[PDB]
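The chains referred to below are lettered A, B, ... by the order of the sequence lines, with proteins before strands, and numbering in each begins at 1. All ligand and atom numbering here is 1-based and tracks the order in the structure.
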Amino acid sequence: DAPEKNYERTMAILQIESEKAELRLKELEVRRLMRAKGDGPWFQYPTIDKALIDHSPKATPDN
Amino acid sequence: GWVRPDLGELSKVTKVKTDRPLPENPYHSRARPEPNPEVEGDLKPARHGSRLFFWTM
Ligand SMILES: CCCCCCCCCCCCCCCCCC(=O)OC[C@H](COP(=O)([O-])OC[C@H](O)COP(=O)([O-])OC[C@H](COC(=O)CCCCCCCCCCCCCCCCC)OC(=O)CCCCCCCCCCCCCCCCC)OC(=O)CCCCCCCCCCCCCCCCC
């Protein structure tokens with residue numbers, strides 16, 4: 001292979017791997033922030049569905 | 001002149017005309033927390049695949 005081919009192929013390889021490395025560091029930072037704060041789509045541990053609540057007038061009024 | 005109610009009448013659900021206002025917050029609930037954001041957008045492929053150490057897909 002030519003030095004041109006090896007050179008520019010090395011540049012493409014280095015671009016792809018540097019971009020994957022930056023995305024891995026961002027993935028770690030996103031995971032840390034979403035576990036700490038809990039406002040992302042991840043770490044959403046379930047709560048009680050409020051569709052289960054009965055809203056009818058009950059037997060006694062004070063409720 | 002009073003008539004005794006028939007079997008079934010004193011258990012009817014009746015409508016009441018009131019002048020007092022309807023209670024707007026009878027449970028005295030405070031402001032609800034704002035929800036988490038929904039997901040939006042089109043689903044693009046993963047940038048350079050799985051990014052698991054060397055797996056290029
Ligand atoms: C018009 C419509 C149709 C169009 C058709 C166009 C295509 C025409 C050809 C069709 C056939 C295509 C076949 C698959 C394509 C080639 C894939 C390939 O070589 O990937 C290179 C891959 C990465 O190299 P690359 O230079 O970055 O990519 C070159 C290509 O661009 C690779 O491209 P890529 O970037 O897309 O690769 C994706 C990714 C690239 O890989 C990665 O991202 C890296 C991770 C790879 C796995 C690492 C695992 C490490 C731990 C396990 C170690 C295993 C040791 C080896 C086996 C031991 C004995 C079983 O691969 C994977 O994730 C797949 C996992 C590996 C399987 C590879 C395919 C095997 C198919 C045949 C299996 C036969 C048995 C072979 C032995 C079994 C193990 C391979 O290298 C390896 O995985 C090393 C092993 C070699 C792979 C097998 C070679 C394929 C042909 C085998 C024929 C001889 C069989 C001998 C007898 C049986 C064994 C005793």
Side-chain angles (χ1 to χ4, degrees):
Chain A
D1 290 332
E4 290 83 4
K5 182 176 182 181
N6 194 8
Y7 189 79
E8 294 171 348
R9 180 179 63 195
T10 302
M11 290 177 68
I13 289 165
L14 291 174
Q15 193 191 13
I16 293 171
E17 296 288 327
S18 65
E19 287 177 353
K20 291 198 290 184
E22 291 293 326
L23 289 174
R24 291 189 186 101
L25 295 174
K26 290 178 181 180
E27 197 267 337
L28 284 172
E29 186 68 27
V30 165
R31 286 181 69 187
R32 188 185 63 83
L33 289 166
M34 287 186 184
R35 186 187 285 275
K37 291 189 284 184
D39 56 354
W42 302 349
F43 303 100
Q44 296 295 318
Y45 299 110
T47 57
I48 299 166
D49 192 3
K50 72 177 178 67
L52 300 178
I53 290 171
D54 196 1
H55 292 93
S56 296
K58 304 292 194 294
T60 70
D62 293 331
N63 50 17
Chain B
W2 297 346
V3 175
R4 189 181 185 272
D6 289 330
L7 188 69
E9 290 175 351
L10 291 175
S11 64
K12 289 181 181 179
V13 177
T14 63
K15 61 181 184 290
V16 181
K17 184 69 177 68
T18 57
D19 289 330
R20 66 176 184 88
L22 192 281
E24 67 274 12
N25 193 2
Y27 293 101
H28 296 282
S29 66
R30 67 177 185 173
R32 295 287 183 258
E34 292 292 328
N36 294 321
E38 293 86 5
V39 292
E40 74 268 11
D42 293 329
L43 194 62
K44 296 294 180 288
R47 289 184 184 175
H48 304 289
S50 65
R51 286 176 286 150
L52 190 62
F53 286 108
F54 55 86
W55 274 276
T56 62
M57 294 185 74

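Looking at B:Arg47, its side chain never comes within 3.5 Å of a backbone N or O of A:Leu23 through a donor-acceptor pair. In this structure, A:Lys58 contributes its side chain and A:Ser56 its backbone to a donor-acceptor pair below 3.5 Å.
For residues 17-27 of chain A, every residue pair satisfying the salt bridge (charged side-chain N to carboxylate O under 4.0 Å, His left out) rule, not counting sequence neighbours, is listed here: A:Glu17-A:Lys20.
Atoms CE and CD, from A:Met11 and A:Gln15 in turn, are 8.5 Å apart once rounded to the nearest 0.5 Å.
At a heavy-atom cutoff of 4.0 Å, ligand 1 is surrounded by B:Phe54, B:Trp55, B:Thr56, B:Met57.
Residues forming a side chain to side chain donor-acceptor pair (under 3.5 Å) with A:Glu29 (at least two apart in sequence, or on another chain): A:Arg32. In this structure, A:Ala12 has no side-chain contact (heavy atoms from CB on, under 4.5 Å) partners at least two apart in sequence or on a different chain.
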